[PDB]
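Presented below, as structure tokens, is a lone chain in the form deposited in one PDB entry.
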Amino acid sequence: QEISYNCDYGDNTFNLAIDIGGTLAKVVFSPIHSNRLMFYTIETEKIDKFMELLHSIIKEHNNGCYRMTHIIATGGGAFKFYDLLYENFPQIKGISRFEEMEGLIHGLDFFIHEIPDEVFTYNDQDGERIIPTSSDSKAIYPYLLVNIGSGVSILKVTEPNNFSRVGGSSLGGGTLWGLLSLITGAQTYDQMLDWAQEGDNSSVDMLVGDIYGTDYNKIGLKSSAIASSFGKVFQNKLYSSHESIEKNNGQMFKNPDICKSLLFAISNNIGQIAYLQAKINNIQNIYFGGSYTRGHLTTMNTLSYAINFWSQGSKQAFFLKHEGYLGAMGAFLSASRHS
């Protein structure tokens, strides 16, 4: 989903930035004199596949010129994969590392300030609205980045170059993916999202309605609000697997319903934690980064609604067209300055 941008190509080094996380590798590069920023994601699980993509990019977009390629690695996996990269690319110009936080924030601020049609709000009522951020300091800052990958990172940015980590969560995309993979057999994240879309969570969640007979207006909750995620399930050997889960249980619980339930559980939790962090830090604007929302309308509506609800309208969820690429973009910009 390439972007037009006038890059400074410097000494013509080909800068190949990689953000390596728990689960995914996200790559940003610009062929020399193209003025195009290009973006790819691949799972890290099959090393050959990952390394092979990097090889193909060098061959297809830098004419096989290893000796003028600089790989800059960011994300948590920059450390773990450093030796794999070195052994794969003996003949390249260099390999460097960029701190994860600076990566995310440099990448995000770049997207906010420079790239049109990149930042957007979304909910089921309003549809998508592009926020024209790449048109000052006091309008943009302060903000929070909620970067959802395997876990959840939360960073606050008070002004240019002024940013820090605040507490994150271990209940992130990896949790949602792990649980639904094992429970439902779903083969890909995209499949889980399609099943979630069709599902009815109320068959496995207890709603306020199920516990009361009605709204619980004294505490601000409608009957349709979720009171206990997966709360309906209990009432109704060393190892478990999808197989055993299916043999034991059949279709008492339906896959679409499980997917929607847990999509709501994890996204609402993330939205709440984000809210609470924004509340403590007196921040109105909350960006979502990572590869969790993937422009999925249900997911974005869920997150937007959680921030809106918990804040009673005083805070706002923002999404990014290149959400997954913030870290790699920041690394890219560092290597660019260098060359």
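Each residue number is its position in the shown sequence, starting from 1. So that the term is clear: the rigid core is the largest set of C-alpha atoms that superpose within 1.5 Å between two forms.
Below: the form deposited in another entry, not depicted.
- Only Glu246, out of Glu159, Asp194, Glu246, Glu102, shows a C-alpha shift of 2 Å or more between this form and the one not shown on alignment of the rigid core.
- The gap between the Cα atoms of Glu246 and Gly151 is larger in the other entry, by no less than 3 Å, than in this form.
- Compared with the form shown, the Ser244-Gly173 C-alpha separation increases in the other entry, the change being 3 Å or greater.
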